[PDB]
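Novice: Just start.txt, nothing more (compact mmCIF, N, CA and C atoms):
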```txt
# COMPACT_ATOMS: atom_id res chain seq x y z
N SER P 1 0.63 16.54 0.55
CA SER P 1 1.23 16.33 -0.78
C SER P 1 2.34 17.35 -1.02
N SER P 2 3.58 16.90 -0.89
CA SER P 2 4.73 17.78 -1.03
C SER P 2 5.00 18.11 -2.49
N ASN P 3 5.11 17.08 -3.31
CA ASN P 3 5.47 17.23 -4.71
C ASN P 3 4.39 16.63 -5.60
N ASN P 4 4.64 16.61 -6.91
CA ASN P 4 3.74 15.97 -7.86
C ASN P 4 3.93 14.46 -7.81
N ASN P 5 5.04 14.04 -7.20
CA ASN P 5 5.34 12.62 -7.04
C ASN P 5 4.76 12.07 -5.74
N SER P 6 3.96 12.88 -5.05
CA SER P 6 3.31 12.45 -3.82
C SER P 6 2.25 11.40 -4.12
N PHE P 7 2.12 10.43 -3.22
CA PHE P 7 1.25 9.28 -3.44
C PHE P 7 -0.19 9.71 -3.68
N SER P 8 -0.71 10.59 -2.82
CA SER P 8 -2.09 11.08 -2.96
C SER P 8 -2.36 11.66 -4.35
N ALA P 9 -1.39 12.40 -4.88
CA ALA P 9 -1.53 13.04 -6.18
C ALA P 9 -1.71 11.99 -7.28
N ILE P 10 -0.82 11.01 -7.29
CA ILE P 10 -0.85 9.95 -8.28
C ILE P 10 -2.07 9.06 -8.06
N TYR P 11 -2.40 8.84 -6.79
CA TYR P 11 -3.56 8.05 -6.42
C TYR P 11 -4.83 8.67 -6.98
N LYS P 12 -4.94 9.99 -6.89
CA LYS P 12 -6.12 10.68 -7.39
C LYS P 12 -6.26 10.49 -8.90
N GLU P 13 -5.15 10.61 -9.63
CA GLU P 13 -5.16 10.42 -11.08
C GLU P 13 -5.62 9.01 -11.42
N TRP P 14 -5.04 8.04 -10.74
CA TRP P 14 -5.40 6.64 -10.92
C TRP P 14 -6.84 6.39 -10.49
N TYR P 15 -7.22 6.99 -9.37
CA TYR P 15 -8.57 6.85 -8.82
C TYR P 15 -9.62 7.37 -9.79
N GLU P 16 -9.45 8.59 -10.28
CA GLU P 16 -10.42 9.19 -11.18
C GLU P 16 -10.45 8.47 -12.52
N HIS P 17 -9.35 7.80 -12.84
CA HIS P 17 -9.27 6.98 -14.04
C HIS P 17 -10.09 5.71 -13.84
N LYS P 18 -9.87 5.06 -12.70
CA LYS P 18 -10.58 3.83 -12.35
C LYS P 18 -12.05 4.12 -12.01
N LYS P 19 -12.34 5.38 -11.72
CA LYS P 19 -13.70 5.82 -11.40
C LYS P 19 -14.64 5.58 -12.58
N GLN P 20 -14.06 5.48 -13.77
CA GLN P 20 -14.85 5.23 -14.97
C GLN P 20 -15.00 3.73 -15.22
N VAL P 21 -14.43 2.94 -14.33
CA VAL P 21 -14.51 1.49 -14.43
C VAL P 21 -15.40 0.93 -13.32
N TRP P 22 -15.14 1.35 -12.10
CA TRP P 22 -15.91 0.90 -10.95
C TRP P 22 -17.21 1.69 -10.84
N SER P 23 -18.07 1.25 -9.93
CA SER P 23 -19.28 1.98 -9.61
C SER P 23 -18.92 3.21 -8.79
N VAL P 24 -19.62 4.31 -9.03
CA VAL P 24 -19.32 5.58 -8.37
C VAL P 24 -19.33 5.44 -6.84
N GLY P 25 -20.33 4.76 -6.30
CA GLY P 25 -20.43 4.59 -4.86
C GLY P 25 -19.29 3.75 -4.32
N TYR P 26 -18.93 2.72 -5.07
CA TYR P 26 -17.82 1.86 -4.71
C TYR P 26 -16.51 2.63 -4.76
N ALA P 27 -16.31 3.37 -5.85
CA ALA P 27 -15.09 4.14 -6.05
C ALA P 27 -14.88 5.16 -4.94
N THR P 28 -15.93 5.91 -4.61
CA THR P 28 -15.86 6.92 -3.56
C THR P 28 -15.41 6.32 -2.23
N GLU P 29 -16.06 5.24 -1.80
CA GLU P 29 -15.76 4.65 -0.51
C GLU P 29 -14.49 3.81 -0.56
N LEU P 30 -14.12 3.35 -1.76
CA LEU P 30 -12.84 2.68 -1.95
C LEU P 30 -11.71 3.65 -1.65
N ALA P 31 -11.82 4.85 -2.19
CA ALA P 31 -10.85 5.90 -1.93
C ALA P 31 -10.92 6.31 -0.46
N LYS P 32 -12.14 6.40 0.07
CA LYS P 32 -12.37 6.81 1.45
C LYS P 32 -11.63 5.91 2.45
N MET P 33 -11.73 4.60 2.27
CA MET P 33 -11.07 3.66 3.17
C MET P 33 -9.56 3.65 2.94
N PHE P 34 -9.16 3.89 1.69
CA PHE P 34 -7.75 4.01 1.36
C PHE P 34 -7.18 5.26 2.02
N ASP P 35 -7.86 6.39 1.84
CA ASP P 35 -7.46 7.65 2.46
C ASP P 35 -7.42 7.51 3.98
N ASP P 36 -8.43 6.86 4.54
CA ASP P 36 -8.57 6.77 5.99
C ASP P 36 -7.39 6.06 6.64
N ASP P 37 -6.91 4.99 6.02
CA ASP P 37 -5.84 4.20 6.61
C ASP P 37 -4.48 4.50 5.99
N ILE P 38 -4.43 4.69 4.68
CA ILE P 38 -3.16 4.89 3.97
C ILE P 38 -2.60 6.30 4.22
N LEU P 39 -3.46 7.31 4.19
CA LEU P 39 -3.02 8.70 4.31
C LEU P 39 -2.21 8.96 5.58
N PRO P 40 -2.69 8.54 6.77
CA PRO P 40 -1.93 8.68 8.02
C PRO P 40 -0.57 7.98 7.97
N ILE P 41 -0.41 7.04 7.04
CA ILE P 41 0.81 6.26 6.95
C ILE P 41 1.76 6.81 5.88
N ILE P 42 1.30 6.83 4.62
CA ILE P 42 2.17 7.20 3.50
C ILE P 42 1.51 8.16 2.52
N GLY P 43 0.33 8.66 2.85
CA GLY P 43 -0.43 9.45 1.89
C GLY P 43 0.31 10.67 1.38
N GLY P 44 0.86 11.45 2.31
CA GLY P 44 1.51 12.68 1.93
C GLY P 44 2.96 12.48 1.54
N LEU P 45 3.39 11.23 1.47
CA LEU P 45 4.76 10.93 1.10
C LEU P 45 4.89 10.83 -0.41
N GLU P 46 6.12 10.86 -0.90
CA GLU P 46 6.37 10.67 -2.31
C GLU P 46 6.41 9.19 -2.64
N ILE P 47 5.79 8.82 -3.75
CA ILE P 47 5.64 7.42 -4.12
C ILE P 47 7.01 6.75 -4.32
N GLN P 48 8.02 7.56 -4.61
CA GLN P 48 9.37 7.06 -4.80
C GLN P 48 10.14 7.08 -3.48
N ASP P 49 9.59 7.77 -2.50
CA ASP P 49 10.29 8.04 -1.25
C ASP P 49 9.61 7.34 -0.08
N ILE P 50 8.80 6.34 -0.39
CA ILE P 50 8.09 5.59 0.63
C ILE P 50 8.96 4.46 1.17
N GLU P 51 9.04 4.37 2.49
CA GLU P 51 9.84 3.35 3.14
C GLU P 51 9.15 1.99 3.06
N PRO P 52 9.93 0.91 2.87
CA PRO P 52 9.40 -0.45 2.79
C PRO P 52 8.53 -0.81 3.99
N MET P 53 8.97 -0.42 5.18
CA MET P 53 8.25 -0.74 6.41
C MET P 53 6.97 0.09 6.53
N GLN P 54 6.94 1.24 5.86
CA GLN P 54 5.75 2.10 5.89
C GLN P 54 4.65 1.51 5.03
N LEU P 55 5.02 0.94 3.90
CA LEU P 55 4.05 0.27 3.05
C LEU P 55 3.51 -0.96 3.79
N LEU P 56 4.39 -1.60 4.55
CA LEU P 56 4.01 -2.73 5.38
C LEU P 56 3.14 -2.26 6.54
N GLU P 57 3.37 -1.03 6.99
CA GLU P 57 2.57 -0.45 8.07
C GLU P 57 1.13 -0.23 7.60
N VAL P 58 0.97 0.05 6.31
CA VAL P 58 -0.36 0.13 5.71
C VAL P 58 -1.05 -1.22 5.79
N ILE P 59 -0.34 -2.26 5.35
CA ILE P 59 -0.85 -3.62 5.44
C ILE P 59 -1.09 -4.00 6.91
N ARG P 60 -0.18 -3.56 7.78
CA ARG P 60 -0.31 -3.76 9.22
C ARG P 60 -1.62 -3.19 9.72
N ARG P 61 -1.90 -1.97 9.27
CA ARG P 61 -3.11 -1.24 9.61
C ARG P 61 -4.37 -2.09 9.37
N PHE P 62 -4.45 -2.69 8.19
CA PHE P 62 -5.62 -3.49 7.84
C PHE P 62 -5.57 -4.88 8.49
N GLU P 63 -4.40 -5.52 8.46
CA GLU P 63 -4.27 -6.89 8.95
C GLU P 63 -4.60 -6.99 10.43
N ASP P 64 -4.16 -6.01 11.21
CA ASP P 64 -4.34 -6.04 12.66
C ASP P 64 -5.82 -5.97 13.03
N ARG P 65 -6.63 -5.42 12.13
CA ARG P 65 -8.07 -5.35 12.35
C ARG P 65 -8.75 -6.65 11.91
N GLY P 66 -7.99 -7.52 11.25
CA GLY P 66 -8.54 -8.78 10.81
C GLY P 66 -8.92 -8.74 9.35
N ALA P 67 -8.79 -7.57 8.74
CA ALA P 67 -9.14 -7.39 7.35
C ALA P 67 -8.03 -7.93 6.45
N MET P 68 -8.04 -9.24 6.25
CA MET P 68 -6.99 -9.91 5.49
C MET P 68 -7.10 -9.56 4.01
N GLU P 69 -8.32 -9.63 3.49
CA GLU P 69 -8.57 -9.31 2.09
C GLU P 69 -8.23 -7.85 1.81
N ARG P 70 -8.60 -6.98 2.74
CA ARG P 70 -8.39 -5.55 2.59
C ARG P 70 -6.91 -5.19 2.74
N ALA P 71 -6.20 -5.93 3.59
CA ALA P 71 -4.76 -5.74 3.74
C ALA P 71 -4.05 -6.08 2.44
N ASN P 72 -4.44 -7.21 1.85
CA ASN P 72 -3.90 -7.63 0.57
C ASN P 72 -4.36 -6.69 -0.54
N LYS P 73 -5.58 -6.17 -0.39
CA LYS P 73 -6.14 -5.25 -1.37
C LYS P 73 -5.39 -3.93 -1.32
N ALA P 74 -4.94 -3.54 -0.13
CA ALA P 74 -4.10 -2.37 0.02
C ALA P 74 -2.81 -2.55 -0.76
N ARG P 75 -2.11 -3.65 -0.48
CA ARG P 75 -0.89 -4.00 -1.21
C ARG P 75 -1.15 -4.02 -2.72
N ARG P 76 -2.28 -4.61 -3.12
CA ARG P 76 -2.67 -4.67 -4.52
C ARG P 76 -2.74 -3.28 -5.14
N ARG P 77 -3.57 -2.42 -4.55
CA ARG P 77 -3.83 -1.11 -5.13
C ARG P 77 -2.61 -0.20 -5.01
N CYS P 78 -1.84 -0.36 -3.94
CA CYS P 78 -0.60 0.39 -3.79
C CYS P 78 0.35 0.03 -4.93
N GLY P 79 0.56 -1.26 -5.15
CA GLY P 79 1.39 -1.71 -6.25
C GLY P 79 0.83 -1.28 -7.59
N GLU P 80 -0.49 -1.24 -7.68
CA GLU P 80 -1.19 -0.76 -8.86
C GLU P 80 -0.87 0.72 -9.12
N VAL P 81 -0.84 1.51 -8.05
CA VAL P 81 -0.47 2.92 -8.15
C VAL P 81 1.02 3.07 -8.46
N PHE P 82 1.84 2.23 -7.83
CA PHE P 82 3.27 2.19 -8.14
C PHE P 82 3.49 1.93 -9.62
N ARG P 83 2.73 0.98 -10.16
CA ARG P 83 2.78 0.66 -11.58
C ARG P 83 2.41 1.88 -12.41
N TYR P 84 1.36 2.57 -11.99
CA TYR P 84 0.87 3.74 -12.70
C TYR P 84 1.94 4.84 -12.73
N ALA P 85 2.66 4.97 -11.62
CA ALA P 85 3.72 5.97 -11.50
C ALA P 85 4.90 5.64 -12.42
N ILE P 86 5.14 4.35 -12.63
CA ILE P 86 6.21 3.92 -13.53
C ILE P 86 5.82 4.19 -14.98
N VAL P 87 4.53 4.04 -15.28
CA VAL P 87 4.03 4.27 -16.62
C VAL P 87 4.05 5.76 -16.97
N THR P 88 3.68 6.60 -16.01
CA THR P 88 3.65 8.04 -16.23
C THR P 88 5.06 8.63 -16.14
N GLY P 89 6.03 7.82 -15.73
CA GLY P 89 7.41 8.27 -15.67
C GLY P 89 7.70 9.11 -14.45
N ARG P 90 7.16 8.72 -13.31
CA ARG P 90 7.44 9.40 -12.05
C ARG P 90 8.42 8.59 -11.22
N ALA P 91 8.26 7.28 -11.25
CA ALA P 91 9.12 6.38 -10.51
C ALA P 91 9.73 5.34 -11.44
N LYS P 92 11.01 5.07 -11.27
CA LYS P 92 11.69 4.05 -12.05
C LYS P 92 11.69 2.74 -11.28
N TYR P 93 11.82 2.87 -9.96
CA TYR P 93 11.81 1.72 -9.07
C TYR P 93 10.75 1.91 -7.99
N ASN P 94 10.01 0.85 -7.72
CA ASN P 94 8.99 0.86 -6.69
C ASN P 94 9.32 -0.17 -5.61
N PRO P 95 9.16 0.19 -4.34
CA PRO P 95 9.47 -0.70 -3.21
C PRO P 95 8.42 -1.80 -3.00
N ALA P 96 7.82 -2.26 -4.10
CA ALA P 96 6.84 -3.33 -4.04
C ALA P 96 7.48 -4.66 -3.58
N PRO P 97 8.65 -5.05 -4.14
CA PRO P 97 9.39 -6.22 -3.65
C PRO P 97 9.84 -6.05 -2.20
N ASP P 98 10.16 -4.81 -1.83
CA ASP P 98 10.60 -4.50 -0.47
C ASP P 98 9.47 -4.73 0.52
N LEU P 99 8.24 -4.47 0.07
CA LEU P 99 7.05 -4.74 0.86
C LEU P 99 7.02 -6.21 1.28
N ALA P 100 7.29 -7.09 0.32
CA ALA P 100 7.30 -8.52 0.58
C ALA P 100 8.41 -8.89 1.55
N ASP P 101 9.57 -8.27 1.36
CA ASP P 101 10.72 -8.54 2.22
C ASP P 101 10.47 -8.05 3.64
N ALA P 102 9.84 -6.89 3.76
CA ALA P 102 9.51 -6.32 5.06
C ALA P 102 8.47 -7.17 5.78
N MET P 103 7.47 -7.63 5.05
CA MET P 103 6.43 -8.48 5.62
C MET P 103 7.01 -9.81 6.08
N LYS P 104 7.96 -10.31 5.30
CA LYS P 104 8.66 -11.55 5.62
C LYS P 104 9.58 -11.38 6.83
N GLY P 105 10.33 -10.29 6.83
CA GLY P 105 11.29 -10.04 7.89
C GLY P 105 10.65 -9.56 9.17
N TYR P 106 9.37 -9.18 9.09
CA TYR P 106 8.64 -8.70 10.26
C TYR P 106 8.49 -9.80 11.31
N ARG P 107 8.61 -11.06 10.87
CA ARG P 107 8.51 -12.20 11.78
C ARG P 107 9.74 -12.30 12.69
N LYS P 108 10.69 -11.38 12.51
CA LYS P 108 11.84 -11.30 13.40
C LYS P 108 11.57 -10.32 14.53
N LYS P 109 10.45 -9.61 14.44
CA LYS P 109 9.99 -8.75 15.52
C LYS P 109 8.88 -9.46 16.28
N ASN P 110 7.89 -9.95 15.54
CA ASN P 110 6.85 -10.78 16.12
C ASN P 110 7.34 -12.22 16.19
N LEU P 111 7.99 -12.55 17.29
CA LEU P 111 8.66 -13.83 17.44
C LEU P 111 7.67 -14.98 17.57
N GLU P 112 8.20 -16.18 17.39
CA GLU P 112 7.42 -17.41 17.52
C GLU P 112 7.47 -17.89 18.97
N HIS P 113 6.93 -19.06 19.23
CA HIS P 113 6.99 -19.65 20.56
C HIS P 113 8.02 -20.78 20.57
N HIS P 114 8.28 -21.29 19.38
CA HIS P 114 9.37 -22.22 19.13
C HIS P 114 9.99 -21.89 17.80
N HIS P 115 11.29 -22.09 17.67
CA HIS P 115 11.98 -21.71 16.45
C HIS P 115 12.32 -22.93 15.60
N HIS P 116 12.88 -22.66 14.43
CA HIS P 116 13.19 -23.71 13.47
C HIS P 116 14.65 -24.12 13.61
N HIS P 117 15.35 -23.43 14.50
CA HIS P 117 16.76 -23.72 14.78
C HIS P 117 16.93 -24.06 16.26
N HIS P 118 18.10 -24.55 16.62
CA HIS P 118 18.40 -24.86 18.01
C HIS P 118 19.73 -24.24 18.41
```
If you took the structure in this file and wrote it as structure tokens, what would it be?

Specialist:
Amino acid sequence: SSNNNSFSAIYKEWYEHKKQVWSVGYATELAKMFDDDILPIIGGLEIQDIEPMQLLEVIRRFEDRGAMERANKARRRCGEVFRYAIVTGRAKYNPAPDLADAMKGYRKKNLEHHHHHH
């Protein structure tokens, strides 16, 4: 965590806030799985300074294991934290739309077997 705008910092605030909504055991391990996969990717980065492909790399992390719901849940909670950062006045713009663009454009790296053009 470099600055106060670091993802982990804001995540903790949001986490401890949501901790009063979710079950304690659920909340703890929810953070645990988020920390386990997200932290190596974008955890120590600034929420405003996160690369579009890095957020997609988080989704990549879960999707490649087959965890489709969890990959989408990552995107969900990340965007949820992005939202929280906008509310607290840390970020004005969040690369949430960029996540979608990166996920879409990623099919230009993972090629098909036949294309839609000739």

Novice: Out of P:56, P:33, P:102, P:47, which residue has the shortest atom-to-atom distance to residue P:81 when counting all atoms listed in the file?

Specialist: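 Between P:56, P:33, P:102, P:47, the residue approaching residue P:81 most closely is P:47.
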
Novice: Using only C-alpha atoms, which residues sit within 12 Å of residue P:6 once same-chain residues fewer than 3 positions away are excluded, as a ChimeraX atom specification?

Specialist: /P:1-3,9-13,39,42-50,81-82,85,90-91

Novice: Any chance you could list, as a ChimeraX atom specification, the residues in chain P that come up alpha helix (DSSP H) when DSSP is run on the backbone?

Specialist: /P:7-18,24-38,52-63,68-87,96-105

Novice: Let me make sure I understand: among P:60, P:92, P:107, P:18, which one has the smallest atom-to-atom distance to residue P:30 if we use only C-alpha atoms?

Specialist: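 When distances to residue P:30 are compared using only C-alpha atoms, the smallest one comes from P:18.
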